[PDB]
Ligand SMILES: CC(=O)O[C@H]1C(=O)[C@@]2(C)[C@H]([C@H](OC(=O)c3ccccc3)[C@]3(O)C[C@H](OC(=O)[C@H](O)[C@@H](NC(=O)c4ccccc4)c4ccccc4)C(C)=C1C3(C)C)[C@]1(OC(C)=O)CO[C@@H]1C[C@@H]2O
Ligand SMILES: Nc1nc2c(ncn2[C@@H]2O[C@H](COP(=O)(O)OP(=O)(O)OP(=O)(O)O)[C@@H](O)[C@H]2O)c(=O)[nH]1
Ligand SMILES: Nc1nc2c(ncn2[C@@H]2O[C@H](COP(=O)(O)OP(=O)(O)O)[C@@H](O)[C@H]2O)c(=O)[nH]1
Ligand SMILES: [Mg+2]
């Protein structure tokens with residue numbers, strides 16, 4: 001049996017989890033109340049796959065999720081919403097105030113207490129699983145909860161389980177727009193968490209998804225629902241191999257092996273090709289070559305970083321739907337022929353290929369059109385260093401005068417931790433610089 | 001759960017609190033008798049933030065009413081919502097301070113402070129998880145200023161962890177109603193900057209200007225001013241009571257708005273303001289809300305923000321809207337007005353959004369500014385203070401109640417340290 005445990009910390013994590021579980025329930029034909037009419041309709045087969053949903057004796061399927069957030073409001077919206085009957089009542093809510101965009105509150109003082117109960121529920125779930133594959137945690141840099149409690153949870157999970165894979169999906173601060181003034185402090189303080197304990201961390205920028213929604217989907221006024229739906233599609237594309245049969249199945253272990261050349265460079269970018277509206281779905285073939293070329297466009301990247309300013313270290317293409325290996329090989333050859341896409345000399349192969357027969361599903365009331373084919377490209381490249389350097393600059397401009405520091409140090413945190421985190425992030429940058437220089 | 005204990009001191013504080021409770025009861029659908037007659041289910045989702053549930057399905061506000069003159073208390077009781085309050089919370093005495101801060105803080109208030117603190121302790125201990133206190137009063141007055149400062153100091157000693165807020169009405173350049181306003185204002189500002197976490201500065205001149213120019217009211221009264229202050233009060237705490245795409249607590253606002261401990265004085269504002277008979281011409285949208293937000297004439301503190309720099313601002317929007325639009329609008333406001341924001345705090349604009357607008361508006365929003373220009377107010381008060389302390393204009397009335405020139409001198413020195421602190425980040429050019 002193959003399965004993963006999904007964790008959602010913070011408001012962004014909980015909302016992304018709502019989108020993800022909506023998509024999963026629609027994919028597997030599970031009703032919001034947990035009953036699957038397909039069981040009585042068919043009388044056989046396997047529809048409620050054990051990757052995400054656990055079956056009970058009464059025919060009710062319950063997801064393998066642990067929603068956590070110090071704010072009662074965000075999870076209370078779920079507990080009284082449409083999916084109130086889906087999740088287990090144990091929803092891990094701290095009946096107190098929030099981290100207040102403070103890493104120290106979410107890591108030292110208030111982030112504790114609930115941590116033991118959260119680890120207890122995670123332990124219960126892990127005992128429930130057989131052949132557990134890994135953890136998929138959803139958080140967001142810049143938030144107090146998503147920084148501090150994520151640090152605590154990742155640390156304790158590393159101590160307890162250790163060997164299991166740990167995938168992170170996070171919203172990195174944007175170059176320009178943000179909804180808090182202390183985002184650089186939390187983001188730079190989360191570097192130890194995202195570098196020591198996480199085995200593979202994916203980062204998405206809100207401005208990139210806004211531009212994608214505006215240009216491709218022709219949505220002039222997007223909101224967080226569309227961003228969460230796109231992230232849900234990305235995670236579904238990642239995890240579709242563990243569920244549905246395919247010609248080339250990509251397990252999480254082999255997925256991680258071919259995307260992390262070295263231990264401390266596990267920060268790949270993500271992109272989704274067939275992002276197109278219903279009106280523009282016509283007039284375009286959407287063949288394999290078109291989507292494969294569309295993956296590498298700088299315009300379609302999910303993070304504000306130009307790939308042409310660095311080098312492509314490794315790449316993994318996961319196809320879904322009516323895709324044949326011949327077209328994938330032809331597209332990869334065409335991409336290798338192109339010269340604007342530069343690959344490091346020490347990786348002659350470069351590309352990993354996976355194919356799945358199940359095509360993508362369309363959420364009701366959504367924006368993505370129905371497409372026979374789809375692909376997700378997950379690429380480890382050195383351009384991400386630039387995306388880290390901009391934020392680094394902001395931190396210095398806020399740390400020269402010790403602005404907003406008294407709030408952090410009044411919750412048990414030491415002043416020098418800022419400088420230590422800065423030197424750490426400085427290191428990761430130098431390493432992404434060193435790994436580029438070609439050999440001689 | 002996060003619930004707030006409300007305290008009202010002085011005549012102005014009592015009036016503003018009465019209007020504020022009227023606004024809150026209308027928002028939550030609470031009848032004047034205390035029963036619930038709302039329509040939406042979200043009204044009772046977080047009613048315990050501001051109310052306590054009684055036996056007969058009634059709701060009593062968690063208010064504490066304080067004064068040294070029974071007249072204001074009788075005025076509140078003989079009113080539309082007089083019966084809503086708990087009678088035991090009407091703490092009052094006789095022989096008010098009479099516009100004398102020394103009487104309010106040392107002589108008369110020192111006796112009623114024990115009863116007020118007893119009621120505060122009883123109310124706070126019944127909470128599940130207290131969040132903080134909010135106090136409404138006027139600094140230029142008598143019993144209000146003195147007993148408010150005394151209560152703030154005592155509660156801060158009692159409950160150091162919880163957040164403290166204050167909605168302070170301060171003197172004005174032109175609109176003067178008492179002769180000893182500078183003395184009370186100086187001592188109140190000393191106590192406030194010592195022992196508070198947030199302090200929203202309100203001015204009668206700015207509210208009158210908003211009424212005359214924006215709302216086109218021919219005959220504004222204190223009711224309209226209390227209405228505006230109540231709208232701001234509800235906007236500040238909207239996020240605790242209703243769900244939103246991006247929540248924001250009072251603690252989060254305090255963390256994001258206070259760069260250094262002594263800079264916790266704020267300029268409030270509210271949008272939209274339409275004047276009636278012009279709503280049909282105006283198109284309501286997020287750009288219009290933002291444009292009215294950052295206009296100089298919409299501020300309630302009687303400060304021109306263009307005479308300084310914005311240390312940090314926070315916008316809380318209410319109503320269904322797109323996050324891309326609001327983020328873009330804040331970015332354009334920052335970029336176009338590049339010279340009015342400090343260059344060492346990139347993106348000094350906090351954003352919060354809630355999905356439950358006011359009852360009669362499709363969209364609304366509130367603004368909290370922290371800018372250097374506020375220094376002007378303090379400077380003005382200091383000038384007037386000097387103009388009376390050089391000759392000891394009215395000093396003896398204070399010194400008869402157990403005061404000394406040293407206390408006034410240190411209060412003035414602390415205000416000068418405050419204005420110097422604010423002035424430090426006004427001039428441009430500095431650093432890498
Ligand atoms: C044509 C129309 O839609 O009617 C509006 C209206 O005409 C205008 C001019 C209203 C009107 O407000 C005023 O005339 C006014 C006068 C002095 C001070 C403040 C307001 C209105 O009275 C105010 C009233 O507002 C509300 O109901 C809000 O929910 C408001 N409620 C109260 O203040 C309130 C009143 C009585 C009892 C309890 C509460 C509110 C705002 C923020 C937070 C909580 C509540 C509304 C819809 C209107 C009228 C009736 C004309 C305005 O008020 C607000 C803040 O809604 C003034 O500019 C705005 C925008 C509106 O267009
Ligand atoms: N894409 C997307 N981002 C979100 C969403 N909700 C919140 N965010 C991001 O989260 C950041 C701050 O909120 P969070 O990180 O979730 O903070 P929190 O989890 O509420 O924890 P506290 O700070 O203690 O309240 C912002 O910069 C947002 O960009 C969402 O629904 N979609
Ligand atoms: N906005 C507003 N201000 C008021 C009101 N009543 C009094 N004030 C202000 O309060 C000041 C007088 O202070 P006062 O309340 O008499 O002090 P107290 O006797 O200690 O309560 C004056 O400058 C008025 O401008 C009111 O109803 N609304
Ligand atoms: Mg939160």
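Looks like electron microscopy, 3.3 Å, at least that's what the header says.
Placed from the backbone N, Cα and C atoms, the Cβ positions cover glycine too.
Looking up the ranges A:1-4, A:5-8 in Swiss-Prot, the one annotated as motif 'MREC motif' turns out to be A:1-4. Cα of residue A:370 (ubiquitin cross-link) to Cα of residue A:282 (3'-nitrotyrosine): a span of 11 Å. Of all the recorded positions listed here (A:71, A:183, A:254), the one with the fewest other CB atoms within 10 A of its own CB is A:254. The subset of recorded positions A:71, A:228, A:232 lying near chain B, with Cβ atoms under 8 Å apart, consists of A:71. A 10 Å cutoff on Cβ-Cβ distances gives residue A:439 (phosphoserine) a total of 6 other Cβ atoms nearby, all chains included.
DSSP gives residue A:232 (phosphoserine) a helix state. Shown are the recorded positions A:40, A:326, A:339; of these, the residue with the fewest other Cβ atoms within 10 Å is A:339. Spacing of residue A:40 (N6,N6,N6-trimethyllysine) relative to residue A:140 (GTP binding site) is 41 Å (Cα to Cα, whole number). With helix defined as DSSP H, G or I and strand as E or B, the motif 'MREC motif' (A:1-4) counts 0 helix, 2 strand, 2 coil. Counting every protein chain shown, the Cβ of residue A:282 (3'-nitrotyrosine) has 8 other Cβ atoms within 10 Å.
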